[PDB]
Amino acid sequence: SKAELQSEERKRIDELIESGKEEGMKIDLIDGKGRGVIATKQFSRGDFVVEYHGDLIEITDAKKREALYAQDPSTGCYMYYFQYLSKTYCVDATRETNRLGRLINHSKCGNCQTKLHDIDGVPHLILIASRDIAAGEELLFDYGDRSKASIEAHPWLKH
């Protein structure tokens, strides 16, 4: 039944969010990208891959932080914006951690899709396999920034 399956699916995902378990992945160096994350096991279409884990903040704090980050070229670009219940939030993963979602590179034709996953009105950004993923693949998803200012500075956004 759609009901029992929706329940089972929620329990798998929530279990994984909470454990912060990030099995099946490793960091590699990728020519022209810096670090990236390689799958070490197969993932099936629809599987939880990893959370995009960082600091969950609202719009005012996000703006404050960007202004600060821009004053430093070495910072890098780890803020992930979304809409939730008519408000803008951001998962800011700028701080170096051992979490892997923040190291995944961009492709418009990647193998992960980001989903908003509500746990009791607290939003989480999760990456789900958009297709079966072979061990050895680079994990990739669409960063989603299509703006002229960004694609000019960072031309790999076009691909």
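Start at 1 and count along the sequence shown; that's the residue number.
A summary of the deposited B-factors shows that, of 104-112 and 66-74, the stretch with the larger mean C-alpha value is 66-74.
In this PDB entry, the Cα temperature factor of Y89 sits in the bottom third of its chain's modelled residues, the lowest group. Ranked within its chain, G34 lands in the middle third, by CA B factor from the PDB record. When the modelled residues of the chain are ordered by C-alpha B-factor, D118 sits in the highest third. The deposited CA B-factor of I17 belongs to the highest third of values across its chain.
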